[PDB]
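Student: Sending over a structure as structure tokens; questions will come in a sec.
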Amino acid sequence: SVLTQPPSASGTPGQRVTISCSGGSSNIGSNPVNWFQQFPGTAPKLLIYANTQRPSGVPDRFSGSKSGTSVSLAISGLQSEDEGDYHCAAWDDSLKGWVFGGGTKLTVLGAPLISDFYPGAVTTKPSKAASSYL
Amino acid sequence: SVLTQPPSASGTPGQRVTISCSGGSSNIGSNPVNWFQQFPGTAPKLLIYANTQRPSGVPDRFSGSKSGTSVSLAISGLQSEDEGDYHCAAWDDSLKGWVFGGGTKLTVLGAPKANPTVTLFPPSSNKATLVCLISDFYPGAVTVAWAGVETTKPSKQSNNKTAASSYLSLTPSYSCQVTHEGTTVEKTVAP
Amino acid sequence: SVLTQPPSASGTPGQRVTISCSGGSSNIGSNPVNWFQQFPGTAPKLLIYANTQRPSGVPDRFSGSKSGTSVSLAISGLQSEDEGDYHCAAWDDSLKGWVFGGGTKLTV
Amino acid sequence: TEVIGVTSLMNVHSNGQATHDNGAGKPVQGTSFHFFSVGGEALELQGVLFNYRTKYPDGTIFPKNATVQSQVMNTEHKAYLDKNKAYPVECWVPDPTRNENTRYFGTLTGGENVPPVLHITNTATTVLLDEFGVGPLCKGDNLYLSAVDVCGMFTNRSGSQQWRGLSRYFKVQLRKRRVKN
Amino acid sequence: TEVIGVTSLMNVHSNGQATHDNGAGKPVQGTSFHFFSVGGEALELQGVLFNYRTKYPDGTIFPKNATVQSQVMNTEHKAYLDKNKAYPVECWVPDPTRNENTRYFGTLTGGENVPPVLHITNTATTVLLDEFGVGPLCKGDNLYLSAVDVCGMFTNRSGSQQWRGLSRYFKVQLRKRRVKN
Amino acid sequence: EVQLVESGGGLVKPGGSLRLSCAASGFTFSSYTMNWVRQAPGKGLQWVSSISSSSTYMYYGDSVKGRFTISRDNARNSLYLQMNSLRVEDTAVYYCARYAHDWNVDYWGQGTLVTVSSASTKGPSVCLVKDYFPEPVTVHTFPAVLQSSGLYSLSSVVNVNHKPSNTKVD
Amino acid sequence: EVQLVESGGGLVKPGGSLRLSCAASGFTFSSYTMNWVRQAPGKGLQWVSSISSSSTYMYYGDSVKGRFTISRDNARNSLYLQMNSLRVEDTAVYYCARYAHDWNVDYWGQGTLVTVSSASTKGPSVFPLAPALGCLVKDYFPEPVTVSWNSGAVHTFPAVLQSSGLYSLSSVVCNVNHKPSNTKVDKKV
Amino acid sequence: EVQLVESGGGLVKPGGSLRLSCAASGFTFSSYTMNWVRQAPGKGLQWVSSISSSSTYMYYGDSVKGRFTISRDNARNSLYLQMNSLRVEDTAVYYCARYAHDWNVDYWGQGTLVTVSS
């Protein structure tokens, strides 16, 4: 009844990262998984559909695999432009609705008021830049 | 009737390492081999099944080959995260049971040689025990010399450099010479 | 009815090296070539069989090609652990026996 | 006669091999032997071996004293189909030099991709009378039904393959024949 | 009888799976069951299971009290084709030990690449009389038409596959036969 | 090619009501099942409701069963969500998404913010934009800060607009 | 997920007895043959016992033929191992594993530790290691000893198994605790 | 595994004699043709002799025609080479090798040294 995906994942530029999505017979067993990519403060967009397929516009690097009630997303040739949230989605026949995962924030580990910090962090929570008043 | 795999294997990051598993007609000949990956302090986990197949979550890098009564596991694009024991298993029709291999401890190289520091303490108060604490050795295991000797199996420290300890009993001069890649580092104590 | 292979061959680590084995209709024409790898002070071991096939344990790097009466062995992604003698062998129908090549010492 | 449970071969979802990404499972298919006999006595077998050095396993009745000639023809290898779970399919065939009192029919289709083609109907009768209008005569007041229906192989998720078989229905009309001695 | 709408299977443009770069869509093809019966009463079914541990879903009538024997033959699994959207194709077949009062004909062709081959004509009559010149007799002044025509699978753009079926036309000549009850 | 545009989102008080609008261009809207999915600040996605092409099949998440109602007007190329008995938890961006056969959920709109709070619609002071509520404010611009006062503050350095308070001072 | 959880493992003297429990969630437990496999400290894996879905077929490794008994309760979603006549060799982590057709042995539990030792529970004795300094904890049984200093965060060593069957561990840069001997001694260095 | 173990090799004077033994463990020795191959120090390989599973077909290299004799004992899982009239040139490591159909010559033993000198 719930899709389980890692709350976070990371990798070094050029690496292959793997985000898993685990469900049950009522959802992923009998229904296809789409993956959606979300950059902060924009909408989700289709990344993978039908477990393993790319829409036009998605690089060769992005791929999927299905093994029964579990699916994975595979981001190869990791780049900094890939930093964002990855969402897993599939219909559940028992709940008669769409179930999503938690989301997976993918952090990319690369070479480095407030405006352009590369480290990642410095009362605004740093964005992609932070702000302070008092 | 028993599965034979190399007790150890190693490689340089990015290399392909190959671990073999050899059996006979009663096991691997007519039954499939699963491979299980086992990290320190953790359970075995399925890595390869049915000789050559990956469950979801196992990278492309991991692969298998079968030739009759022998199978191999191939770890390509070797990484440090691959450090662990690799267990070979298959049903044996004669023993009506599962047979495993010995296990294969895969070491990944790149970790440079570090200083086996030695901190030999005397007794204190009765009976007389001696303590020779050794730490931070990133090549791994070591030796010891000084009847009453009791030495530990080397333990990874949390900085992934490896620690041990050795103890010597005495009845009421004495040193603790410890070797590490052919090179001795004796500290001493006396009454 | 002799197998002819280069007495020596060499390469830079990471390169593809090619060792050729040339025979006649009486041997390689009508019979398969096995390749055997030999490190100093050990026995020969099967590296390639049936011209082009790897036994389990031989990396994808090692490969063969057959064109009629001649075969080649291809060691790609050359490594130092590949330093040794490479022996070419095949049955000869007229001599009713196994013929080998000279051997090829591969230096890196 | 017909094969019972042909539709069961449409179960393409039971831990099979996806033919391709998001494919259904590869259905049961490949090398098939459909064979059936009606006899007044045991089916009579001739042994023929693909490989004479094949060691047939303890618990099966196989050609004994195999020679290389066993691979093409060796008249030593005679036998009666008189026991179940006994005579492997791959080393025995009806002996055409002696089944006077049996009517046998079989077909081998070989090939990993051979599609199963199974007809069913309650309208199709097969006559068992010979050139002389005599059917099999049941010695000992016994009728002998023999059959093999290896339909193909089931391909598991791993690619590993298991032969899959099906039951065969028989309905035999019999009548009384006056006989001397 | 014939299948109605065979030409619909030439729709190779409706979000299918390109066979190759700039290919048309992969057409409907693969595992097929074409079956049809004419009966004076319900078609009688025997259950046979590909896998006896298969759990047939709520809302279908399936073999009850499945044992491993259910996989080859189990005479417990009898049933009447008396309800639509009810009896899965993959676990029921005409019961050849019954159906005295029905004439049934079907063919299973298995294989992912099996080409559909559907003939149509208004010139082909099939006779329903048995060896004794008696057709099915309609108990309760009722005629029972049963049919399955799983034509193959539609391959969607993703590769995901759906069974695709077609309607079957029947035209049955009937006459009156005197009967003692 | 295909665009969906949401609207109707804003500030409403608990127990309140709100109607959301999706405007579809780029495709035969009247041919496709359509969905509402929402995203609570900092959390992941959560499906709200589905409606078939002909409005024969509506489905709702348990989260809003009995409170929300999905509807479409195929003549007006628009999908609607009627939100009654709104709660604090219902605060989220409300995305509008298409489902196509075999594709599954494919195209999303930009989303529209629904904030459910007792808090009143405080206007900004201007550039700096000081003590305004709620979030959506128009101008290298910096992201806002949520002060403990419950009021936002945002800056920009290289025309300020805050629709919820009709503030359009340059 | 599929989750298997073992329990019941602990310390017994040779000739001792012990019942292990596997709790299965995530799947129709009642559908699968289930296995016990054990791992002796430092050594490789060794299969113990198999049981079919309906308990029609139990099999045992010969190392335990006659002494161990596998069982399941399909109503309680639980696999059991009854270990009688325990020996020193039987010391291992006892894993619980699932067999599935084609997948073969696939899912494993966390394992539960069974330690079989003739050694009885002496409390420790603490010596000051004077100077760069530490504490010594000598001749204690069984294994779990924790060392502390009141937040001085500086390396405690893992213990040594003397031929006595009695452990010793030291700590260098104190508050030692050993629950099995009611020991909570604070020593000065 | 398949293991072949050679033995009987040593130091012998020209004109001398010597019997080599191969011990096969790991396979049904009685089902496969078996070979002797030798390697003179620093030179390549040279096939010596073949024998069929049933000792129906023995073949010899020309270099040892008339002097060497191959034999097997299928009950004792052993292949033998009888070396008569030994010469200086016959100095080599004597390998024992299996031939399997399709696989061809596959498994070799460790070899045994035969030195023929004065």
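Scheme for the structure tokens: letters A, B, ... for chains in order shown; per-chain residue numbers from 1; ligand numbers from 1 in order shown.
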If you run DSSP on this backbone, which residues of chain H come out as strand (DSSP E or B), and could you give them as a CSV table (one decimal) with N, CA and C atoms, in the first residue's frame?
Tutor:
chain,number,residue,atom,x,y,z
H,3,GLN,N,42.1,-33.0,-11.3
H,3,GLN,CA,43.6,-33.0,-11.0
H,3,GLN,C,44.3,-34.2,-11.7
H,4,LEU,N,45.3,-33.9,-12.4
H,4,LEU,CA,46.3,-34.9,-13.0
H,4,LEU,C,47.6,-34.7,-12.2
H,5,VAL,N,48.2,-35.8,-11.8
H,5,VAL,CA,49.5,-35.8,-11.1
H,5,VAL,C,50.5,-36.8,-11.8
H,6,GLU,N,51.6,-36.2,-12.3
H,6,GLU,CA,52.7,-37.0,-13.0
H,6,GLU,C,53.7,-37.3,-11.9
H,7,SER,N,54.5,-38.4,-12.2
H,7,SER,CA,55.5,-39.0,-11.3
H,7,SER,C,56.3,-40.0,-12.0
H,11,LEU,N,66.6,-38.4,-13.0
H,11,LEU,CA,67.9,-38.4,-13.6
H,11,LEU,C,68.2,-39.8,-14.1
H,12,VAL,N,68.5,-40.0,-15.4
H,12,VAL,CA,68.9,-41.3,-16.0
H,12,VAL,C,69.9,-41.0,-17.1
H,18,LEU,N,62.9,-45.5,-18.3
H,18,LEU,CA,62.1,-44.7,-17.3
H,18,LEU,C,60.6,-44.9,-17.6
H,19,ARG,N,59.8,-45.1,-16.5
H,19,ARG,CA,58.3,-45.2,-16.7
H,19,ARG,C,57.7,-44.1,-15.9
H,20,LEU,N,56.9,-43.3,-16.6
H,20,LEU,CA,56.1,-42.1,-16.1
H,20,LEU,C,54.7,-42.6,-15.7
H,21,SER,N,54.2,-42.0,-14.7
H,21,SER,CA,52.8,-42.2,-14.2
H,21,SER,C,52.0,-40.9,-14.1
H,22,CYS,N,50.8,-40.9,-14.6
H,22,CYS,CA,49.7,-39.9,-14.4
H,22,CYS,C,48.6,-40.5,-13.6
H,23,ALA,N,48.3,-39.8,-12.4
H,23,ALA,CA,47.2,-40.2,-11.5
H,23,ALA,C,46.1,-39.2,-11.7
H,24,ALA,N,45.0,-39.7,-12.2
H,24,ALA,CA,43.8,-38.9,-12.5
H,24,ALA,C,42.7,-39.0,-11.4
H,25,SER,N,42.3,-37.9,-10.9
H,25,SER,CA,41.3,-37.8,-9.8
H,25,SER,C,40.4,-36.6,-10.2
H,34,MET,N,43.6,-39.6,-23.5
H,34,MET,CA,44.7,-39.0,-22.7
H,34,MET,C,45.9,-38.8,-23.5
H,35,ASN,N,46.7,-37.8,-23.1
H,35,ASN,CA,47.9,-37.4,-23.9
H,35,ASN,C,49.1,-37.2,-23.0
H,36,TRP,N,50.3,-37.4,-23.6
H,36,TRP,CA,51.6,-36.9,-23.0
H,36,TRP,C,52.1,-35.8,-23.9
H,37,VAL,N,52.5,-34.7,-23.4
H,37,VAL,CA,53.2,-33.5,-24.1
H,37,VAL,C,54.4,-33.2,-23.3
H,38,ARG,N,55.5,-32.9,-23.9
H,38,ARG,CA,56.8,-32.5,-23.2
H,38,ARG,C,57.3,-31.1,-23.6
H,39,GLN,N,58.1,-30.5,-22.8
H,39,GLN,CA,58.7,-29.2,-23.0
H,39,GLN,C,60.1,-29.1,-22.6
H,46,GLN,N,55.8,-29.9,-27.2
H,46,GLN,CA,55.8,-30.9,-28.2
H,46,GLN,C,55.1,-32.2,-27.8
H,47,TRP,N,54.0,-32.5,-28.5
H,47,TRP,CA,53.1,-33.7,-28.2
H,47,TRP,C,54.0,-34.9,-28.4
H,48,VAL,N,53.8,-35.9,-27.5
H,48,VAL,CA,54.5,-37.1,-27.4
H,48,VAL,C,53.7,-38.3,-27.9
H,49,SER,N,52.5,-38.5,-27.2
H,49,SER,CA,51.6,-39.7,-27.5
H,49,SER,C,50.2,-39.5,-27.0
H,50,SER,N,49.2,-40.0,-27.7
H,50,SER,CA,47.8,-40.1,-27.4
H,50,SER,C,47.4,-41.6,-27.2
H,51,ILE,N,46.4,-41.8,-26.3
H,51,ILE,CA,45.7,-43.1,-26.2
H,51,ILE,C,44.2,-42.9,-26.0
H,58,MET,N,46.4,-45.8,-30.1
H,58,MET,CA,47.6,-45.2,-29.6
H,58,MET,C,48.2,-44.5,-30.8
H,59,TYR,N,48.7,-43.2,-30.6
H,59,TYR,CA,49.4,-42.5,-31.6
H,59,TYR,C,50.7,-41.9,-31.0
H,60,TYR,N,51.8,-41.8,-31.7
H,60,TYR,CA,53.1,-41.2,-31.2
H,60,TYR,C,53.6,-40.2,-32.2
H,68,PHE,N,59.2,-45.0,-27.2
H,68,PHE,CA,58.2,-44.8,-26.1
H,68,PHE,C,57.0,-45.6,-26.3
H,69,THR,N,56.3,-46.0,-25.3
H,69,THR,CA,55.0,-46.7,-25.3
H,69,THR,C,54.0,-46.1,-24.3
H,70,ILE,N,52.9,-45.6,-24.8
H,70,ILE,CA,51.8,-45.1,-23.9
H,70,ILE,C,50.9,-46.3,-23.5
H,71,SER,N,50.4,-46.3,-22.3
H,71,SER,CA,49.4,-47.3,-21.8
H,71,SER,C,48.6,-46.7,-20.7
H,72,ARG,N,47.4,-47.3,-20.4
H,72,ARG,CA,46.6,-46.8,-19.3
H,72,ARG,C,46.0,-48.0,-18.5
H,73,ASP,N,45.7,-47.8,-17.2
H,73,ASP,CA,45.0,-48.8,-16.3
H,73,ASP,C,43.7,-48.1,-15.8
H,78,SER,N,45.0,-44.4,-14.0
H,78,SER,CA,46.4,-44.1,-14.2
H,78,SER,C,46.8,-44.2,-15.7
H,79,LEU,N,47.5,-43.2,-16.2
H,79,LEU,CA,48.1,-43.2,-17.6
H,79,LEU,C,49.6,-43.4,-17.4
H,80,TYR,N,50.2,-44.2,-18.3
H,80,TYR,CA,51.7,-44.5,-18.2
H,80,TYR,C,52.4,-44.2,-19.5
H,81,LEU,N,53.6,-43.7,-19.4
H,81,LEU,CA,54.6,-43.6,-20.6
H,81,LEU,C,55.8,-44.4,-20.3
H,82,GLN,N,56.1,-45.5,-21.0
H,82,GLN,CA,57.3,-46.3,-21.0
H,82,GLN,C,58.4,-45.7,-21.9
H,83,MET,N,59.4,-45.1,-21.4
H,83,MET,CA,60.5,-44.4,-22.1
H,83,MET,C,61.8,-45.3,-22.2
H,92,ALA,N,63.2,-32.9,-20.8
H,92,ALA,CA,62.1,-32.1,-20.8
H,92,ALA,C,61.2,-32.3,-19.5
H,93,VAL,N,60.3,-31.3,-19.3
H,93,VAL,CA,59.2,-31.6,-18.3
H,93,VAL,C,58.2,-32.3,-19.1
H,94,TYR,N,57.6,-33.4,-18.6
H,94,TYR,CA,56.7,-34.3,-19.2
H,94,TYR,C,55.3,-34.1,-18.6
H,95,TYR,N,54.5,-33.3,-19.3
H,95,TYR,CA,53.0,-33.0,-18.9
H,95,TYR,C,52.1,-34.1,-19.4
H,96,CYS,N,51.1,-34.4,-18.6
H,96,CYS,CA,49.9,-35.3,-18.8
H,96,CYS,C,48.7,-34.4,-19.0
H,97,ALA,N,48.0,-34.6,-20.1
H,97,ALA,CA,46.8,-33.8,-20.5
H,97,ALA,C,45.6,-34.6,-21.0
H,98,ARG,N,44.4,-34.1,-20.7
H,98,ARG,CA,43.2,-34.8,-21.1
H,98,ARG,C,42.7,-34.1,-22.4
H,99,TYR,N,42.1,-34.9,-23.3
H,99,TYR,CA,41.4,-34.4,-24.5
H,99,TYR,C,39.9,-34.7,-24.3
H,100,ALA,N,39.1,-33.7,-24.4
H,100,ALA,CA,37.6,-33.9,-24.4
H,100,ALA,C,37.0,-33.4,-25.7
H,104,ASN,N,38.6,-30.1,-26.6
H,104,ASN,CA,40.0,-30.4,-27.1
H,104,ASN,C,40.9,-30.7,-25.9
H,105,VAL,N,42.2,-30.5,-26.1
H,105,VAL,CA,43.1,-30.6,-24.9
H,105,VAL,C,42.7,-29.5,-23.9
H,106,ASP,N,42.3,-29.9,-22.7
H,106,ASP,CA,41.8,-28.9,-21.7
H,106,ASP,C,42.7,-28.9,-20.4
H,107,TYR,N,42.7,-30.0,-19.6
H,107,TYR,CA,43.4,-30.0,-18.3
H,107,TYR,C,44.8,-30.6,-18.5
H,108,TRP,N,45.7,-30.0,-17.8
H,108,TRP,CA,47.2,-30.4,-17.8
H,108,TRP,C,47.5,-30.8,-16.3
H,112,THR,N,56.3,-33.5,-14.7
H,112,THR,CA,57.4,-34.2,-13.9
H,112,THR,C,58.7,-34.1,-14.8
H,113,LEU,N,59.8,-33.8,-14.1
H,113,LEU,CA,61.1,-33.5,-14.9
H,113,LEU,C,61.8,-34.8,-15.2
H,114,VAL,N,62.1,-35.0,-16.5
H,114,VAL,CA,63.0,-36.1,-16.9
H,114,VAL,C,64.3,-35.4,-17.5
H,115,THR,N,65.4,-35.6,-16.8
H,115,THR,CA,66.8,-35.2,-17.2
H,115,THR,C,67.6,-36.4,-17.6
H,116,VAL,N,68.0,-36.5,-18.9
H,116,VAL,CA,68.8,-37.6,-19.4
H,116,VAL,C,70.2,-37.0,-19.8
Student: Once you count only C-alpha atoms, which residues of chain F turn out to be within 10 Å of chain E? Could you give them as an MDAnalysis selection string?
Tutor: chainID F and resid 101:103
Student: How about saving the chosen residues, N, CA and C atoms kept, as a PDB file, in the first residue's frame?
Tutor:
ATOM      1  N   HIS F 101      -2.986   6.476 -21.503  1.00  0.00           N
ATOM      2  CA  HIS F 101      -2.830   5.005 -21.502  1.00  0.00           C
ATOM      3  C   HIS F 101      -1.381   4.716 -21.852  1.00  0.00           C
ATOM      4  N   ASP F 102      -0.817   3.750 -21.143  1.00  0.00           N
ATOM      5  CA  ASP F 102       0.550   3.203 -21.302  1.00  0.00           C
ATOM      6  C   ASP F 102       1.605   4.205 -20.846  1.00  0.00           C
ATOM      7  N   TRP F 103       1.410   5.514 -21.081  1.00  0.00           N
ATOM      8  CA  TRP F 103       2.301   6.630 -20.627  1.00  0.00           C
ATOM      9  C   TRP F 103       2.204   6.771 -19.096  1.00  0.00           C
TER      10      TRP F 103
END
Student: Which residue is closest to chain A? Choose from E:136, E:2, E:119, E:17 and count only C-alpha atoms.
Tutor: E:17
Student: Measuring between only C-alpha atoms, which one of C:79, C:37, C:12, C:18 shows the shortest distance to chain B?
Tutor: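 Comparing C:79, C:37, C:12, C:18 against chain B, the winner is C:79.
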Student: Each residue of stretch 103-174 of chain E with at least one atom at most 12 Å from stretch 26-50 of chain D should appear once, together with its nearest atom pair and the corresponding distance in Å (one decimal); atoms considered: only C-alpha atoms; ordering: chain, then increasing residue number; output as CSV.
Tutor:
residue,atom,partner,partner_atom,distance
E:108,CA,D:28,CA,11.5
E:109,CA,D:29,CA,9.5
E:110,CA,D:27,CA,6.4
E:111,CA,D:27,CA,5.8
E:112,CA,D:26,CA,6.5
E:113,CA,D:26,CA,10.0
E:114,CA,D:29,CA,10.8
E:152,CA,D:27,CA,12.0
E:161,CA,D:26,CA,11.9
Student: Just the residues within 7 Å of stretch 60-64 of chain C, please, counting only C-alpha atoms, with nothing from its chain fewer than 3 positions along; format it as a ChimeraX atom specification.
Tutor: /C:51-52,72-77
Student: For the residues selected in the previous step, produce a file with C-alpha atoms as a PDB file, in the first residue's frame.
Tutor:
ATOM      1  CA  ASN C  51      39.410 -21.084 -31.971  1.00  0.00           C
ATOM      2  CA  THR C  52      37.253 -18.427 -30.189  1.00  0.00           C
ATOM      3  CA  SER C  72      44.810 -15.145 -34.074  1.00  0.00           C
ATOM      4  CA  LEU C  73      44.623 -14.595 -30.278  1.00  0.00           C
ATOM      5  CA  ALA C  74      43.717 -11.035 -29.134  1.00  0.00           C
ATOM      6  CA  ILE C  75      44.777  -9.884 -25.623  1.00  0.00           C
ATOM      7  CA  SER C  76      42.971  -6.495 -25.145  1.00  0.00           C
ATOM      8  CA  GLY C  77      43.383  -4.247 -22.055  1.00  0.00           C
TER       9      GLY C  77
END
Student: Listing only residues of chain D within 12 Å of chain H, what is the closest atom pair and its distance in Å (to one decimal) for each, using only C-alpha atoms, sorted by chain and residue number ascending, as CSV?
Tutor:
residue,atom,partner,partner_atom,distance
D:52,CA,H:31,CA,11.5
D:53,CA,H:31,CA,8.1
D:54,CA,H:31,CA,10.7
D:55,CA,H:31,CA,11.3
Student: Could you take the residues named above and write them with C-alpha atoms, as an mmCIF file, in the first residue's frame?
Tutor:
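selection_2.cif, freshly written:
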data_model
loop_
_atom_site.group_PDB
_atom_site.id
_atom_site.type_symbol
_atom_site.label_atom_id
_atom_site.label_comp_id
_atom_site.auth_asym_id
_atom_site.auth_seq_id
_atom_site.Cartn_x
_atom_site.Cartn_y
_atom_site.Cartn_z
ATOM 1 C CA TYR D 52 25.933 -43.946 -26.183
ATOM 2 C CA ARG D 53 28.211 -42.699 -23.323
ATOM 3 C CA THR D 54 25.187 -40.959 -21.655
ATOM 4 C CA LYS D 55 24.779 -42.626 -18.162
#
Student: At a cut-off of 6 Å, using only C-alpha atoms, what residues contact residue A:5? Leave out same-chain residues fewer than 4 positions from it and give the result as number ranges by chain.
Tutor: A: 20-21, 101
Student: Determine which residues of chain G sit within 9 Å of chain D, taking into account only C-alpha atoms, and present them as a list in words.
Tutor: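 Output check: residues 101, 102 and 103 of chain G.
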Student: What's around residue A:46 at 7 Å? Count only C-alpha atoms, leave out sequence neighbours fewer than 6 positions away in its own chain, and write the answer as an MDAnalysis selection string.
Tutor: (chainID A and resid 35:37) or (chainID F and resid 106)
Student: Grab the residues selected above and save them as a compact mmCIF listing (two decimals), in the first residue's frame with C-alpha atoms.
Tutor:
# COMPACT_ATOMS: atom_id res chain seq x y z
CA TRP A 35 9.61 8.37 -12.17
CA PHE A 36 9.26 12.21 -11.94
CA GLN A 37 12.24 14.62 -11.59
CA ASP F 106 2.88 12.40 -17.94
Student: Just list the residues in chain B DSSP gives helix (DSSP H, G or I) on the backbone, as a PyMOL selection string.
Tutor: chain B and resi 25-29+80-82
Student: Given a cut-off of 10 Å, which residues of chain A touch chain G, counting only C-alpha atoms, written out as a list in words?
Tutor: residues 3, 4, 22, 23, 24, 69 and 70 of chain A
Student: Using only C-alpha atoms and a distance of at most 10 Å, pull out the residues of chain B that contact chain C, as a PyMOL selection string.
Tutor: chain B and resi 16-21+64-68+70-74
Student: Could you name the residues that touch residue B:34 at 12 Å or less, counting only C-alpha atoms, but leaving out those on the same chain fewer than 2 positions away, as a ChimeraX atom specification?
Tutor: /B:21,28,31-32,36-37,44-55,63-66,71-73,86-91,98-101 /D:158 /G:99-100,102-107
Student: Could you list, as a PyMOL selection string, every residue of chain D that has an atom within 6 Å of an atom of chain E, counting only C-alpha atoms?
Tutor: chain D and resi 5+7-8+10+22-23+27+115-121+166-167
Student: Please, which residues of chain A lie no more than 10 Å from chain F when the count uses only C-alpha atoms, and can they be set out as a PyMOL selection string?
Tutor: chain A and resi 7+31-36+41-50+53+55+85-91+95-104+113-115+123-134
Student: Within 12 Å of residue F:149, counting only C-alpha atoms, which residues show up once you throw out same-chain ones fewer than 4 positions away? Write them as a short mmCIF file (atom, residue, chain, number, x, y, z; two decimals) with N, CA and C atoms, in the first residue's frame, please.
Tutor:
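The new file out_37.cif reads:
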data_model
loop_
_atom_site.label_atom_id
_atom_site.label_comp_id
_atom_site.auth_asym_id
_atom_site.auth_seq_id
_atom_site.Cartn_x
_atom_site.Cartn_y
_atom_site.Cartn_z
N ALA F 119 -4.36 33.04 10.16
CA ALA F 119 -3.57 34.22 9.72
C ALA F 119 -4.27 34.99 8.60
N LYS F 122 -1.59 39.95 5.34
CA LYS F 122 -0.75 41.15 5.65
C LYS F 122 -0.07 41.64 4.36
N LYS F 130 9.14 43.68 3.15
CA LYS F 130 9.17 43.38 4.61
C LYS F 130 7.77 43.03 5.11
N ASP F 131 7.69 42.04 5.99
CA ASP F 131 6.50 41.55 6.74
C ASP F 131 5.24 41.52 5.85
N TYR F 132 5.17 40.53 4.94
CA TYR F 132 4.01 40.18 4.07
C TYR F 132 3.57 38.72 4.31
N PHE F 133 2.36 38.36 3.88
CA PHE F 133 1.73 37.02 4.04
C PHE F 133 0.54 36.90 3.09
N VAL F 145 12.37 34.69 3.80
CA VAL F 145 12.57 34.08 5.15
C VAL F 145 11.22 34.10 5.85
N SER F 153 9.73 37.84 4.62
CA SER F 153 10.57 38.98 4.16
C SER F 153 11.51 38.49 3.07
#
Student: One number please: atom CA of residue A:117 to atom CA of residue A:8, in Å, one decimal.
Tutor: 21.3 Å
Student: Please determine the contact residues of chain B with respect to chain A at a cut-off of 9 Å, counting only C-alpha atoms, and supply them as a PyMOL selection string.
Tutor: chain B and resi 55-57+59
Student: Would you save the residues from that selection as a compact mmCIF listing (two decimals), in the first residue's frame, using C-alpha atoms?
Tutor:
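Result saved to result32.txt:
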# COMPACT_ATOMS: atom_id res chain seq x y z
CA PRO B 55 18.22 -9.18 -8.24
CA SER B 56 16.97 -5.53 -8.39
CA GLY B 57 19.56 -3.25 -6.65
CA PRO B 59 24.83 -3.02 -10.39
